[PDB]
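**Student:** When the letters of the first sequence are read in order and numbered with PDB author numbering, they come out as residues 3 to 165.
Where is the CB? At the ideal position from N, CA and C, for every residue including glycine.
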Amino acid sequence: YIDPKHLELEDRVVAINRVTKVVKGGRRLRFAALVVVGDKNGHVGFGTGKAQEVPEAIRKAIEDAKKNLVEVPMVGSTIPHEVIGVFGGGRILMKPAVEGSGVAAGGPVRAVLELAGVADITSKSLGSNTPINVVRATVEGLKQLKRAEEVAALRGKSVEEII
RNA sequence: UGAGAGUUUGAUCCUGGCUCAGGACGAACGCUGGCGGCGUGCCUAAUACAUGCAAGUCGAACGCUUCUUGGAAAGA
């Protein structure tokens, strides 16, 4: 839902692509932007925007992303279980990992996973490789992580009985 | 114990082919060079082969012959 902004943030301009539009005469080019934001503790989001010049565009996109933030429940610096998230061609697979192993995941999804404060994880893109839909599918995947406590409360019994 | 990138378009998403980054080898060739330790070396014509060796032994199974010390045994 609506998350405020009172914690530190981190930014990484993932990708930009000079985009044009034709009009009687020549062509006119804009520069979009694609930035995700996090605090490397378990809060992540991303945004976008476009402007005539690149610093302006990235400032816009930055200001955008800070209005979408997700939770990413973690346990011991690794996702709580296996998950699969799909959004319009974005197949993204994620599985837990061993301590101190290291993240093995493609570029665009690496930026998401890192800024969320993830230490050891594995993944594999499957299909789409657009720097946008991949990110959307990733975030959808993260939105699916269940949790021991949450399930303990949902189902009748209590945790350490759901083993 | 599961990482991706470039390329169709004025720019977009998708389907889609081609190419690249990793390893190994009875290896060959091109430039280049000190060694020690352990390994390996006709994949082609099961093509033709000069040369030297690569299977003999037993005198306590048996009769002979030549010697080196007219009969002597030993050794050869």
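1. Which of helix, strand or coil does DSSP assign to residue 165?
2. Would you mind reading off the limits of the beta strand (DSSP E) that contains residue 32?
3. On the DSSP letters alone, give me the boundaries of the alpha helix (DSSP H) that residue 137 sits inside.
4. Quick check on the DSSP output: what are the complete beta strand (DSSP E) runs of length 3 or more inside the stretch 45-103, in order along the chain?
5. So, do the stretch 88-96 and the stretch 62-77 have three or more beta carbon pairs nearer to each other than 8 angstroms?
6. Where do the N-terminal and C-terminal ends of the alpha helix (DSSP H) with residue 12 fall, by residue?
7. Per DSSP, what kind of secondary structure is residue 121 in: helix, strand or coil?
8. By how many angstroms is the C-alpha of residue 107 removed from the C-alpha of residue 161?
9. Are there 16 or more other CB atoms within 10 angstroms of the CB of residue 116, so buried, or fewer, so exposed?
10. Helix, strand or coil for residue 112 per DSSP?
11. Identify the continuous beta strand (DSSP E) that holds residue 21 and give its terminal residues.
12. Given a cut-off of 8 angstroms, decide if residue 87 and residue 2 are closer than it, judged by their beta-carbon atoms.
13. Under the assumption that residue 59 contacts residue 51 (Cβ atoms under 8 angstroms), give the Cβ distance between them as a whole number of angstroms.
14. Using only CA atoms, which one of 147, 101 and 36 lies nearest to residue 136?
15. Using a 10 Å radius around the Cβ and a threshold of 16 neighbouring Cβ atoms, would you call residue 27 buried or exposed?
16. Taking C-alpha atoms, which residue in 10, 103 and 132 lies nearest to residue 124?
17. Given a cut-off of 8 angstroms, decide if residue 110 and residue 82 are closer than it, judged by their beta-carbon atoms.
**Tutor:** In this structure, then:
1. Three-state result, residue 165: coil.
2. For residue 32, the enclosing beta strand (DSSP E) starts and ends at 29-40.
3. Where residue 137 is concerned, the enclosing alpha helix (DSSP H) stretches over 135-144.
4. As far as the stretch 45-103 is concerned, its whole beta strand (DSSP E) runs of at least 3 residues are 46-53, 85-87 and 92-97.
5. As far as the Cβ criterion goes, the stretch 88-96 does not touch the stretch 62-77, which means the pair count is below three.
6. Where residue 12 is concerned, there is no enclosing alpha helix (DSSP H), although the beta strand (DSSP E) it sits in stretches over 12-15.
7. Residue state, collapsed to three classes: coil.
8. Each residue's alpha carbon lies about 32 angstroms from the other.
9. Buried is the call here.
10. Correct three-state label for residue 112: helix.
11. For residue 21, the enclosing beta strand (DSSP E) begins and ends at 20-24.
12. Past the edges of the chain, shown from 3 to 165, lies residue 2, and the structure says nothing about it.
13. Confirmed, about 6 angstroms.
14. A check of alpha carbon separations from residue 136 across 147, 101 and 36 identifies 36 as the nearest.
15. Classification for residue 27: exposed.
16. That would be 103, whose Cα lies nearest to the Cα of residue 124.
17. With a cutoff of 8 angstroms on beta-carbon distance, residue 82 and residue 110 are scored as not near each other.
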